[PDB]
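Data first, discussion second: the structure below is written as structure tokens.
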Amino acid sequence: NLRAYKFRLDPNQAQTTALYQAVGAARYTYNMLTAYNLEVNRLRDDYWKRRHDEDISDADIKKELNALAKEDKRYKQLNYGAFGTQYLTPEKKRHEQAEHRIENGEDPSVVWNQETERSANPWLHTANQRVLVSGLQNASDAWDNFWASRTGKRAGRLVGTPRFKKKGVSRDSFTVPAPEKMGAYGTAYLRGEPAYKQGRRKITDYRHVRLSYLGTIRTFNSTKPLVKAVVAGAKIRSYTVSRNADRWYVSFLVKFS
DNA sequence: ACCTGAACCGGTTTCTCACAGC
DNA sequence: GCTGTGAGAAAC
RNA sequence: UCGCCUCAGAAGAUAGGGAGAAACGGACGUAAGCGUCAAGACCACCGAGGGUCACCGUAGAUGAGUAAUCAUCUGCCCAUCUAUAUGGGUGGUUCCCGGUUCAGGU
């Protein structure tokens, strides 16, 4: 019983900048996860081929791989959460230390250089957790989708290999969930935003939606159907922000009940 | 960038700062 | 000037 | 009088940069690229940034806002459904369900 109210956003420069930073962060996390999986499976297939010279069955190799799930973790694949905890906030702390050691005078070239990493300065620790973990969501979904397509589950043609996303070749989009604060008419603002400096506290019309740490953003549509659905026993679930060419869209997933 | 084309599905929970509304 | 409430990180 | 791109979430009324004479064809600067400009109203700062509409027939009330605009009820009109000429109830031109990934063609 799920609908989707797809509004066309009407953001401004200060909000489009955060949207671009968000899609960049999701893409960057997507790339790290897919790379980790890719050069884990390269070793996987090299080992499988190098042990294929001697005839082996499928149960024996499965038992061996299961027994190799405690040591030499190079034979393991990670979800969004496990990879996040194990390799993302370590790198967030690495970025933080790279600022905690350039505070007032230091050598940044020995700490951060644009040779092995295309970042001008560290920025991964000042990125919102929701946006960052969205890329983990997408990458884990793609890899599980393909390993389900292979074995026995997904009907249709064989499904490719996960391709590294690029700026202008792939899709830009991130999902931000509840129980964060979001919604149409009848919802409160954010403390500290330029619309809270003026003191305004609640949405009292039909051309605004609430988008978490991004503030409250306008729409091209009208939210009267959304609010009239809300006052029947129906509550929003998440919001997905997406880009098409130079246009931004937001989907509000409502669950009527 | 613009589509098919198809196949599948639609987020919770907790602990720690910083105004705030007098 | 004080303490619940909101906003955001962290795990997951 | 016509219509190729451009602003109004998509199609039918009103605005945008230049042309054509119901036919053809986006523009400017610099065989090519590249960059840039194209919707009106109110306050805010020294041509730059932020909110409001570009959906809601027709008359009132008082709600939020320095204000553009907006909200909720009460009169009238029209359209649309059910139960037995009457009671109610739904609107003010209609439509909308979107995310993820890969393989293709343009």
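Every chain in the structure tokens takes a letter, A first, then B, and so on in the order presented; its residues are numbered from 1, and the ligands are numbered from 1 following the presented order.
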
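What chain B places within 12 Å of chain A, counting only C-alpha atoms (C1' of nucleotides), is residues 1, 2, 5, 6, 7, 8, 9, 10, 11, 12, 13, 18, 19 and 20 of chain B.
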
Check: If you run DSSP on the backbone, which residues of stretch 32-184 of chain A are alpha helix (DSSP H), as a ChimeraX atom specification?
Finding: /A:32-50,59-67,80-83,89-100,129-151

Item checked: Expected answer as number ranges by chain: chain D residues within 6 Å of chain A, only C-alpha atoms (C1' of nucleotides) -> D: 9, 97-98, 101-102

Notebook entry, point to check: Within 9 Å of chain A, which residues of chain C show up when using only C-alpha atoms (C1' of nucleotides), listed as number ranges by chain?
Noted result: C: 6-12

Notebook entry, point to check: Got a sec: who's within 12 Å of residue B:21, counting only C-alpha atoms (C1' of nucleotides), leaving out chain neighbours fewer than 3 positions off, as a ChimeraX atom specification?
Noted result: /C:1-3

Check: What gap, in Å, lies between atom CA of residue A:64 and atom CA of residue A:87?
Finding: 26.5 Å

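Straight-line separation from atom CA of residue A:60 to atom CA of residue A:140: 27.7 Å.
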
Next item on the list: Please indicate the distance in Å from atom CA of residue A:109 to atom CA of residue A:133, rounded to one decimal place.
Entry: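 Going from atom CA of residue A:109 over to atom CA of residue A:133, I get 29.4 Å.
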
Checklist line | Backbone DSSP call of strand (DSSP E or B) for stretch 5-202 of chain A, listed as a PyMOL selection string | finding: chain A and resi 5-9+173-177+182-183+188+202

Check: So, counting only C-alpha atoms, which residue among A:22, A:234, A:203, A:59 is closest to residue A:124?
Finding: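 Closest to residue A:124 of all the choices is A:22.
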